[PDB]
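First, one chain by itself: the form deposited in one PDB entry, in structure tokens.
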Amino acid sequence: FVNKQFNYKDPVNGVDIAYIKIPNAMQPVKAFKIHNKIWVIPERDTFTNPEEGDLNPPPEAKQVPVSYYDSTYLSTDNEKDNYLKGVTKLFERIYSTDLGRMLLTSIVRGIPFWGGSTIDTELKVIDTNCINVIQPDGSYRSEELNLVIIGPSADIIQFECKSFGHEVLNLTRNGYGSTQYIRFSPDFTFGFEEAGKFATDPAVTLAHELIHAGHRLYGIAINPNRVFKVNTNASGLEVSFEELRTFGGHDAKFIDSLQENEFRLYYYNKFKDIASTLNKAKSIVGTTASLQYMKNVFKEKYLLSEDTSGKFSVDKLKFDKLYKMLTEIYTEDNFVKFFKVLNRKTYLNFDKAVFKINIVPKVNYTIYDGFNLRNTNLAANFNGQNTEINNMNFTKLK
């Protein structure tokens, strides 16, 4: 999946290795283009939210296994090299499964809608769905992208999708989508039971964020104000439908069917508004792509049907298929099945431990087996994920 075996120290070339700036709306940071539309920035995220530049534990911080702070993590070239190789490895592990091959393909196709214009006959890119790539002469060129993998902010283990918003549009819920920045680290993982003896395979963790990214890129994320009040056992706790859907499996039990019907109809109409916008367009801003090219890009993204006179429309069956793919097929639970790893069987459990790991060495973790290395003592019984048995690979954090 990933074009090249990048080393962090590889010389910049202004194409797939480059110093870049992120919308807001900072010094340039070294970034690597690991695939069409997908970049990796091996830096702590002090950028997507300028205020969050302090990496020290704040007053009243939580503790492991809820949060973990270390202002020094991912500061050196060696750890940045390891981060890049770690993330690369997880993409290949994900891509090596039919399911992950499909998700990644959906992500690459998921170009954020060009809804930047104020004139409704003009297609224009939204600037916050781009990065600025520095050139040899110190100038910058704007490049559109779908996905960025970036190191975590202050709380090292707070992985999540974030994206830049629009003054008025809800890009992640209006079918338009937006460039997704996934705060993530391959250098840590979490323990669960069944004490936290067993370690989550970091590939499932990344896939979980990629699923969120899929929703957000297709502008179909469920408003976080839609929640389920948790009543599985034991007062107060809520979980968003967006998270329940992302996990899938057992947790589909808690999604209000009547509500899901509302969402499905809502987004169908949103895709319809997109078709209409493409149909009204008479001009396009930019020197690179043609109006007809971009139209085609979004035809493919939303699986629109195109008639004799170039007019677009949404196909009910094709929408149903895509929407189902994005929301029902692409789930953490389904990934567990494809990876054949031990994992939580519900989203609704709290981690019991956090571990430092290193999946870069072939002897530790592989594309095909993760920690459960075939032809080793770690092959059977998820021994590889067993933090006591696979002692060399996990260091529990304080």
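Heads up: residue numbers just count along the shown sequence, starting at 1. Superpose the two forms; the largest set of C-alphas matching within 1.5 Å is the rigid core.
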### Query
Is it true that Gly236 has no coordinates in a third or more of the other entries in the comparison?
yes
### Message
Does the comparison with other PDB entries of this protein show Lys62 lacking coordinates in a third or more of them, where both adjacent residues are built?
### Response
yes
#### Entry: Unresolved deposited residues lying between neighbours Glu194 and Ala195
10 or more
## Note on the structure
Once average C-alpha B-factors are taken from the entry for 115-123 and 294-302, the winner is 115-123
### Task
Tell me which of 213-221 and 88-96 has the higher mean C-alpha B-factor in the deposited entry.
88-96
### Task
Among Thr205, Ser163, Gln158, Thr287, single out the one with the highest C-alpha B factor in the record, please.
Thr287
### Query
When you compare the CA B-factors of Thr172, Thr200, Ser185, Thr277 as listed in the entry, which one comes out on top?
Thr277
### Query
Lowest, middle or highest third: where is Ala18 by C-alpha B factor in its chain?
middle
### Where the record places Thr327 (Cα B-factor, split into thirds across the chain)
lowest
### Task
Using the B-factor values recorded in the entry, state whether the Cα atom of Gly249 falls in the lowest, middle or highest third among the modelled residues of its chain.
middle
### Summary
By the entry's values, the third containing the CA B factor of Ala380 is the highest
### Chain-wide C-alpha B factor ranking for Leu145, given as lowest, middle or highest third
lowest
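Heads up, the form deposited in another entry isn't pictured, but that's what we're talking about next.
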### Query
With the core lined up, does the C-alpha of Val64 move 2 Å or more between this form and the one not shown?
yes
### Task
Just say closer or farther for the C-alpha distance from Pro224 to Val64 in the other form, relative to the shown form; it changes by 3 Å or more.
closer
